[PDB]
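A.B. asks: Here we go, the starting part of the complex in its complex frame:
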Amino acid sequence: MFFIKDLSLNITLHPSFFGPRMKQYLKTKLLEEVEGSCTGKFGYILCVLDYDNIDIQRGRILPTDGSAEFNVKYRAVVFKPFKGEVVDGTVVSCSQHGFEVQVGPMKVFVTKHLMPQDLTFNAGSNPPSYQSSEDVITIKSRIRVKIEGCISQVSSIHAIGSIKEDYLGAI
Amino acid sequence: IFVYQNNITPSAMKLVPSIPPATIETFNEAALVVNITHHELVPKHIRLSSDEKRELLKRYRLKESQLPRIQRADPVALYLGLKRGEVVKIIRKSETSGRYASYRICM
Amino acid sequence: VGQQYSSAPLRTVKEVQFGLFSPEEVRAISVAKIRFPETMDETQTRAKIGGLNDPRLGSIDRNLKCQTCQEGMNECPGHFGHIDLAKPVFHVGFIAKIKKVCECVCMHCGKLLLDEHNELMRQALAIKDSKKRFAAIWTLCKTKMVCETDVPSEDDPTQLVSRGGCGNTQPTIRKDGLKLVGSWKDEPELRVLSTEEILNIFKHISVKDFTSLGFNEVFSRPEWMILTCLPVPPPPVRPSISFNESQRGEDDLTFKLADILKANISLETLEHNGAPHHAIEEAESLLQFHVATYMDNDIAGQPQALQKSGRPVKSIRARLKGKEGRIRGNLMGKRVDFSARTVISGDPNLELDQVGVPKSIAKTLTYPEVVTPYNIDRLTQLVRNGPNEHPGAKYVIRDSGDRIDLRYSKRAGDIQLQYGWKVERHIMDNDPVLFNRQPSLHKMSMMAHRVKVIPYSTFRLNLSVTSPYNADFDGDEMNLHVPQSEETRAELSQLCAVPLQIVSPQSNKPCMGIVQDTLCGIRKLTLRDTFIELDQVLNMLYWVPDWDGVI
Amino acid sequence: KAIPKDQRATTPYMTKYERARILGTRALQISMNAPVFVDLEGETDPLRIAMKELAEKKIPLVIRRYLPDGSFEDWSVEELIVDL
Amino acid sequence: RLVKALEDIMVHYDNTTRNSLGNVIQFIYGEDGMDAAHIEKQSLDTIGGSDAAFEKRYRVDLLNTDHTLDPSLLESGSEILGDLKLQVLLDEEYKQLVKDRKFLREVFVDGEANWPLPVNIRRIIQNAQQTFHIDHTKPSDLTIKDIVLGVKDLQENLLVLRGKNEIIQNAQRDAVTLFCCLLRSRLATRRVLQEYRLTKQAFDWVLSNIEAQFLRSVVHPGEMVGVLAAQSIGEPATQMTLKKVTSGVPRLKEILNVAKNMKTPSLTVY
Amino acid sequence: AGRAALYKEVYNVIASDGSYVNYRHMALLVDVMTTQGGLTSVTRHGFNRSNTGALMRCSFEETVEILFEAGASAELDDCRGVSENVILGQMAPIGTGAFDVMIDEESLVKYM
């Protein structure tokens, strides 16, 4: 599920930094406008690998100002969930309408009615929870969810998942 | 090569392109009385081997279409009998540099 | 340009894909229903009705709103609108083809009229050139007026092979006004080809048929030469003109649309009301008309669609037609800033490559210098000096993209400069500039000179650099343009400077010489007869500035 | 497509258009507070510093020479001879 | 029109003249690759002059008391007279200046000898002259090899096109040909020693200059020659302010229009 | 041979006025007017029909008429033409722009 996709980016550098250690600045700016970014087509850019052998190539100088433009070809560890993916995480928030599990950098939410039946929701609990014949789900409890649908948004990705199938529930 | 006098019958001419590979050409007497290639102006041309050609392109990194062309009916083109695709090398004199090499593909 | 920053990457246009608009896209793209023909006055109340211009298109009244797109007037380009027609219309300029296409394919089953089967056709299908296939094809089947069903294959003319069916005779066609007519042949049968029909026959034409004919499955299908949904250029294409308030000022365009709209509704309200069958096709011509004139007005079918007062009407086409218009008079050539013009006069005391710029102008024209440790000082001085003394400046601009107008601003004499800031300053002695004299027909009709600020009011150029510009001082005027980028100048001084133009390639020989006085005089001074005595010889020596001081 | 530093075929010399543009381009940068790779003998006019960087052939730029078919050849201000 | 018709045309890096498509128009700008700017009217001495004079000027025979270089010119003069291995270089040189002749007389039938060409050799020497205060009295110090074997090595470095193959390195010899004739013409043994008493110094200099002064006259891949050419014509077509035939502006109009019905059709038959 | 004539004739139109023009120019022109195939006229009926992208032929005598039939047969424009770029506000591939310029970071080190 987590991936290592081969990407590339374009950074426009002002002449100012056309210093001796330019390579250094580039890389650094690569990492500012990448690590922690989010797209629906790539998912979560979490970490740039092989910091060293980052290919810079020759950048060309634009043509009105001196800013130069290099196509930084790198490689990193991405992660973008899918509909029908099975992943388990740590619960965080839990309300009348359901609880939200946190799978990695993302947050998957489970609808009360997307859970089973015999499981009710106890509001008068502290911390808040969901009770069952034998199961007890609350804050720190670990669950295993099945992602039913995804929704991209700004700089993140949420999604709804169910625990109404088999081999699904707490662990 | 066939040589007609005053002319041929339009019923006849439409029988040349009916037996390929073999090729035929038609020339009127009056146009062969003088060799056009001997004229002060018309410089000498030369046919290029399908080898010599595939080279002319590769050396100038040219596509076939970017090449200067000569008419399939062009007088000299007939004097040598070119075929749509055959290239010719035109070598003439120059007041800027004695000799200038040029090429003409066909269409 | 424009100001405000955008996280949008930025590139250069590399290819230009010419297509035709699919009513479908036209819709998609739009943001304007455009149902009403009126302008504004929501019952006189000022604003705009969700009818024409602004049912969300661009705007006016200096008011952000451009579909929240805010930004306002400058930096909103327009946002196309659409307006569903009542019945398909021709495309004034395409008519020419819409015809030729039909004469190329027959109705009912809509398909070519010559397949691989016919040999003259083969030679016509290898040609790789839209202009050439479609031109050879046409010529080849414009004559055949029968949808063959069966034709004699590559074998015996005895044996007859079968292909597509429906031998429904093909009618020849002629152009009458904005409509297509054809006969069907004892004695003919003349009927009007309804747009609604043509469209169809095209819609059905085959994919490999499109292409076989000069077309393109994705960008331009014939079925599109016929309008069904009309794009509606937003204000900026047809802006207004306000005389403050309670008056008008509408643009010509904003009217033919107003028209087209009227003529569209009147129609419709007929196909849903008392529809006297063929008393409608009298108002469907009107639309076909307007939706045609809107784009073109100089047709052979006379009627100029003269607008009240007999003023012609500016058809879109007309705005682009050669000279004085867009393409040729707006894009290929423009009015420009940082430019001056006055009268020229000789001045035998300037180096060849100089040019006398009158102080008046040197103080008007400006150059954007960027504050740098190398200059800071000099620059702050110019800034301190102000925009009235000469060696000075008249505008400081900081990173925050804000203009400090040196002539006002309570901080005039204050200001501390900042590396990075720019300082529009006055043109100064030795700023390279492009000088020129129209008509321009030489590399040399435009050369770069060294600026030499001088009094009085006339560009003072050296004599010898006269013949290149081809100018006299009998009251001739010249133009001066001032560079702007540190690299821009570079191009002038390194390739346009006069000293470089001395030997003209247009005739592999020098192109500037010595004339009048200098010439005439240079001869006299030469003669064996001519002798000069000490007292003078000495001064003369002094004049040649590079004299080695060796009498 | 690119082309090996060998098999190179262009003109060993700098074209006026090139040099013209290099100096400009270089000025522009220098004028923008880019670093200057030569000792300023006291100069203070960018295009003049640029003229200097260009004579001690200390300009870090590369002139990519596109050919009619798209391929290019890359030369450095270093290499390129400057007659003019 | 002229302008709109040639905008797109310029000299491309390969030294070809193409437009916006890629269509070659000239395979070498101006059939020679020289920037018009660096060119002057020179004279191809080799052409004009009786077959007689030619010999007395360019002919050298080391095997003859009256057709050899009088040792008053060449340092190693007396020790040359007779040498047979030299007479071959010397004879090659002549059977060439000879070929040059016919060649030229096959191109410029008129007999006209003054033509525009790069590198002004006349002057390049003139300087060499007073730059080394060459005295017309004492003798030179050039081996006959020194000469004939450097003139050759010169032509070798007069590169216009640089290709690494045959088809190209062949157009080369071509675009130069006309020049060299002039070249071999002015740097002929006899001449080099009897007319302009060059020393080895002078010579080796005259040579350096020519090569570089030539490599300068080449054309810069960048020039927007199309526009240029246009203007160069239309321009003087404005200064036209006006034995009985259509002539001038109305004519030029005719021509460009490729008009079929010209007012004057004439035709000269010899 | 024709070229040789076209030129010869044109040359005579400039010499009859006692003015001199260096071959190359009338040569080039004569050539442009002849490569293609036969005699292509310097007019709206000729060189303005060639395979040159639209936008370029746009700027001459048929403008709209030419543009129309461009979206019709979905032409594609290279933007290699002088005019093209001028219309876009881009630096055209002409002299100063017959190439690109780059910062070789490597050589940007031995320089200090």
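C.D. replies: That came through fine. Residues are numbered from 1 along each chain as shown, chains lettered A, B, ... in the order given.

A.B. asks: quick one, what contacts residue A:150?
C.D. replies: By C-beta atoms under 8 Å, 6 or more residues apart in numbering or on different chains, the contact list for residue A:150 reads A:81, A:82, A:83, A:157, A:158, A:159. The way it works is simple: take the backbone N, C-alpha and C, and place the C-beta from them, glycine included.

A.B. asks: List the buried residues of the helix or strand where it lies.
C.D. replies: Using DSSP states H and E, residue A:150 sits in strand A:142-153. Neighbour counts over strand A:142-153 (16 or more other C-beta atoms under 10 Å in any protein chain shown) mark A:143, A:144, A:145, A:146, A:147, A:148, A:150 as buried.

A.B. asks: Only C-alpha atoms, please: export that strand in PDB.
C.D. replies: Provided in PDB are the C-alpha atoms of strand A:142-153 (Å, rounded to 0.1, in the frame of the first residue of the first chain):
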ATOM      1  CA  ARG A 142      -7.000  -0.600  17.800                       C
ATOM      2  CA  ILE A 143      -9.300  -1.400  14.900                       C
ATOM      3  CA  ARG A 144      -9.000  -2.900  11.400                       C
ATOM      4  CA  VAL A 145     -11.100  -1.100   8.800                       C
ATOM      5  CA  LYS A 146     -12.100  -1.700   5.200                       C
ATOM      6  CA  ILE A 147     -12.000   1.500   3.200                       C
ATOM      7  CA  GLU A 148     -15.300   1.800   1.200                       C
ATOM      8  CA  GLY A 149     -14.700   5.200  -0.400                       C
ATOM      9  CA  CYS A 150     -12.200   8.000  -0.700                       C
ATOM     10  CA  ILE A 151     -12.400  11.800  -0.900                       C
ATOM     11  CA  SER A 152      -9.500  14.100  -1.800                       C
ATOM     12  CA  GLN A 153      -9.400  17.500  -0.300                       C
END
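
A.B. asks: May I have the strands that pair with it, each with its orientation?
C.D. replies: Sheet partners assigned to strand A:142-153 using DSSP bridges are listed as strand A:85-95 (antiparallel), strand A:156-162 (antiparallel), strand A:169-170 (antiparallel).

A.B. asks: throw chain G onto that model:
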Amino acid sequence: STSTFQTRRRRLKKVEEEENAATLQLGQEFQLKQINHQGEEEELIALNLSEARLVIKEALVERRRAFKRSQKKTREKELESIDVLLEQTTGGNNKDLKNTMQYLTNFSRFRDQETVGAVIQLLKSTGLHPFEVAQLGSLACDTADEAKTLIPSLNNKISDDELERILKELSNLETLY
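C.D. replies: Time to bring in chain G:
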């Protein structure tokens, strides 16, 4: 944006964008046949947790190093040991990475680049597709059902018995705590 190794020649009509599901149909950007920078082809890159934990660690570390080559001129124990590696070589505003390291390091199933090595040397004999050869590595599984159900893309590509031996050897190698 951040471009992605292949220029999918978009001809105006962008419409077909399939469904994302455990039918192994992943966005165009994740077919199994993608392109490497060198210009070669290369199988997709499927990281199962605790393998990712190692790869992220690996670089974050070799980063700290080359981040000083230029300055001259047990469960809970790893929570601290990493937060540091970050507050050193991270954006410090990469709250995502922080949260990815916790998760990645809490739910992980292997500590030895040697143990994880076998995990790989094992499953990579299946011919199975990378997304499976990942869900398998980071998901507990006792029966072929708990498996072939939480990874439907398997259903017919492998007998229950085999997929069960592999599961046996998983919990065997499953490093302790």
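
A.B. asks: and the contacts of residue A:150, now that chain G is in?
C.D. replies: Applying C-beta under 8 Å, 6+ apart to residue A:150 gives the contacts A:81, A:82, A:83, A:157, A:158, A:159, G:20.

A.B. asks: For chain E, what is the nearest residue in chain A?
C.D. replies: Distances between chain A and chain E by C-beta to the nearest C-beta are smallest at residue A:63, namely 15.8 Å.

A.B. asks: which stretch of helix or strand covers the residue of the stretch 351-500 of chain C found nearest chain F?
C.D. replies: Proximity of the stretch 351-500 of chain C to chain F (C-beta to the nearest C-beta) peaks at residue C:491, 6.1 Å away. Using DSSP H and E, residue C:491 sits in helix C:486-491.

A.B. asks: what's in contact with that helix?
C.D. replies: The contact list for helix C:486-491 (C-beta under 8 Å, 6+ apart) reads C:370, C:431-432, C:483, D:20-21, D:23-25, D:27-28, D:31, D:46-47, F:96.

A.B. asks: Do I have it right that residue C:93 meets residue F:64?
C.D. replies: Yes. With contact defined as C-beta atoms under 8 Å, residue C:93 reaches residue F:64; the gap is 7.4 Å.

A.B. asks: Which one's more surrounded, those two?
C.D. replies: residue F:64 (22 against 18; other C-beta atoms under 10 Å in any protein chain shown).

A.B. asks: Tell me how far the residue lying closest to that one once chain neighbours are set aside lies from residue C:327.
C.D. replies: Closest residue in space to residue F:64, ignoring its immediate chain neighbours: residue C:317 at 4.7 Å, by C-beta to C-beta, 6 or more residues apart in numbering or on different chains. Residue C:317 is 11 Å from residue C:327, where distance means C-beta to C-beta, to the nearest Å.

A.B. asks: Quickly check: stretch C:17-30 near chain F or not.
C.D. replies: Yes. Stretch C:17-30 reaches chain F (C-beta under 8 Å from any C-beta of the partner chain) through C:17, C:18, C:19, C:20.

A.B. asks: How about chain D: which residue is closest to chain G?
C.D. replies: residue D:2 (12.3 Å).

A.B. asks: what's the burial count for that residue?
C.D. replies: The burial count assigned to residue D:2 is 9, neighbours taken as other C-beta under 10 Å.

A.B. asks: put chain H onto that model:
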Amino acid sequence: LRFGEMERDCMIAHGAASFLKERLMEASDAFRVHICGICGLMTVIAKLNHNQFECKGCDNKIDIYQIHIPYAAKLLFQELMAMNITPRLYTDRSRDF
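C.D. replies: Below is chain H, added to the chains above:
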């Protein structure tokens, strides 16, 4: 003042690339528009603030460019579109050559 055809034709002659662009843009028109990397039009609804970008129809939000072009040109295009003709602006060459 005027910098028309003829005066251009000279700058092209001179081979003064940049200066030409400068007269033509930075000293006259110059304008910053947005495009769709899909359908090469000005459609795009740029809210330069909340960065929102969209372009419903070709429907985007991701693939979007910014280009600088002579306003007159923008207008050339808009006018063309209004005549139902499409001028596509693409930032990458796919046709090669």
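
A.B. asks: can you check the buried residues of strand A:142-153 again with chain H included?
C.D. replies: For strand A:142-153, burial by neighbour count (16+ other C-beta under 10 Å) applies to A:143, A:144, A:145, A:146, A:147, A:148, A:150, A:152.

A.B. asks: List just the nearest of those to chain H.
C.D. replies: residue A:152 (9.6 Å).

A.B. asks: my guess is the closest one meets residue A:40, correct?
C.D. replies: Yes. Counting by C-beta under 8 Å, residue A:152 touches residue A:40, with 3.7 Å between them.

A.B. asks: Okay, buried residues for whichever strand or helix holds residue A:69 please.
C.D. replies: In this structure, residue A:69 sits in strand A:68-73 according to DSSP H and E. Buried residues in strand A:68-73, counted by 16+ other C-beta under 10 Å: A:68, A:69, A:70, A:72, A:73.

A.B. asks: Let me see the contact set for residue 13.
C.D. replies: Using chain A here. Neighbours of residue A:13 in contact, by C-beta under 8 Å, 6+ apart: A:22, A:25, A:26, A:29, A:59, A:67, A:68, A:69, A:70.

A.B. asks: could you do chain H instead?
C.D. replies: Neighbour list for residue H:13: C:442, C:443, E:224, E:227, E:228, E:231 [criterion: C-beta under 8 Å, 6+ apart].

A.B. asks: Most widely separated two among those?
C.D. replies: C:442 and E:224 (13.8 Å; C-beta to C-beta).

A.B. asks: Show me which of these two is the more surrounded one.
C.D. replies: Between residue C:442 and residue E:224, counting by other C-beta under 10 Å, residue E:224 is the more crowded of the two (30 against 26).

A.B. asks: so what sits against both of residue A:152 and residue A:40?
C.D. replies: What both residue A:152 and residue A:40 touch, as defined by C-beta under 8 Å, 6+ apart, is an empty set.

A.B. asks: is any part of the longest helix seen in chain B close to chain F?
C.D. replies: In chain B, taking DSSP state H as the definition, the longest helix is helix B:50-60. No. Judged by C-beta under 8 Å from any C-beta, helix B:50-60 and chain F are separated, with a smallest distance of 14.3 Å.

A.B. asks: So which elements touch that helix?
C.D. replies: helix E:166-186 (3 or more C-beta pairs under 8 Å, 6 or more residues apart in numbering or on different chains; DSSP states H and E).
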